[PDB]
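For the sequence shown, the residue numbers in PDB author numbering are 7 to 129.
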Amino acid sequence: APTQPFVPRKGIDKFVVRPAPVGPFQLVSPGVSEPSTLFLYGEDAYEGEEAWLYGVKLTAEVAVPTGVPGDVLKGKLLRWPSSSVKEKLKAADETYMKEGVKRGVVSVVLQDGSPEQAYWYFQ
Ligand SMILES: [Cl-]
Ligand SMILES: [Cl-]
């Protein structure tokens, strides 16, 4: 009974991104987070592996965490070279972290349902 596409084993609820005062969270506890990938969306998602972020909407150009299991954002995962993470994240910040845009780390879900830790930018 393998999971359906982009459905995590632990279920959507634990992967729903939930807005909160200091910043968004997910209930799943990945155990050791060492993010080395960037979750892209919108017109900026043109290459990479498809990945979904639950509890998030894109209705304009910067994604919004909402906390509804009916909201989903389907983007693409850009994997950084494992020793280049600082360099890539610094450049990513300049490219995407415009004024009022925030950076975080989220668990995205891949086609086979497996999760992965990724940086992302949101408001
Ligand atoms: Cl926007
Ligand atoms: Cl869709």
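Think of the CB as a built atom: it goes at the ideal place given N, C-alpha and C, for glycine as much as any other residue.
Give me the Cα-Cα distance between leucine 84 and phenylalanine 12, rounded to the nearest whole angstrom.
As a position in the sequence shown, residue 84 is number 78, starting the count at 1. As a position in the sequence shown, residue 12 is number 6, starting the count at 1. C-alpha separation (whole angstroms): 17 Å.
Give the residues whose C-beta lies closer than 7 Å to at least one heavy atom of ligand 4, in chain order.
Only ligand 1 and ligand 2 can be found as ligands here, which leaves ligand 4 out of the picture.
At a cut-off of 8 Å, is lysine 80 close to ligand 2 when judged by its beta-carbon and the heavy atoms of the ligand?
Your numbering for residue 80 matches position 74 in the sequence shown. Answer for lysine 80: yes, Cβ within range of ligand 2.
Could you check the C-alpha separation between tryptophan 126 and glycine 110 for me, to the nearest Å?
The count along the sequence shown starts at 1 and reaches residue 126 at position 120. The count along the sequence shown starts at 1 and reaches residue 110 at position 104. Going from the Cα of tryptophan 126 to the Cα of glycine 110 covers about 6 Å.
Quick one: using the 10 Å Cβ neighbour count with 16 as the cut-off for buried, is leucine 33 buried or exposed?
Looking up residue 33 in the sequence shown gives position 27. Answer is exposed; the Cβ neighbour count stays below 16.
Tell me whether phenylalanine 21 sits in a helix, a strand or coil according to DSSP, three-state version.
Taking the sequence shown and counting its residues from 1, the one referred to as residue 21 is at position 15. Three-state DSSP puts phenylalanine 21 in a helix.
Of the residues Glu56, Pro27, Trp86 and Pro87, which one's Cα is nearest the Cα of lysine 80?
Translated into positions along the sequence shown, residue 80 becomes position 74. The shortest C-alpha separation from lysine 80 is found at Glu56.
Determine whether the beta carbon atoms of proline 71 and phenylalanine 21 lie at a separation below 9 Å.
By one-based count along the sequence shown, residue 71 stands at place 65. By one-based count along the sequence shown, residue 21 stands at place 15. Contact flag unset, no.
Less than 7 Å between C-beta atoms, sequence neighbours within five positions excluded: which residues of the same chain meet that for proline 41?
What you label residue 41 is simply residue 35 of the sequence shown in a count that begins at 1. So the qualifying residues of the chain are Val111, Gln123, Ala124 and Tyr125.
Apply the 10 Å Cβ neighbour rule to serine 39 and answer buried if 16 or more other Cβ atoms are within range, or exposed otherwise.
The residue labelled residue 39 in the question sits at position 33 within the sequence shown. With fewer than 16 other Cβ atoms within 10 Å, it is exposed.
Given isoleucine 18, which residues of its chain have a CB within under 6 Å of its CB, disregarding the five upstream and five downstream residues?
The residue you call residue 18 lines up with position 12 of the sequence shown. Only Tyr60 and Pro75 meet the Cβ criterion.
Distance check for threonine 9 and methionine 103, CA to CA, integer angstroms please.
Counting from 1 along the sequence shown, the entry for residue 103 is found at position 97. Counting from 1 along the sequence shown, the entry for residue 9 is found at position 3. If you take the alpha carbons of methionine 103 and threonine 9, they lie about 34 Å apart.
If distances are taken between C-alpha atoms only, which option among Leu44, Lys108 and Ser35 comes closest to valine 91?
Stepping through the sequence shown from its first residue, residue 91 is reached at position 85. It is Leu44 whose Cα lies nearest to the Cα of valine 91.
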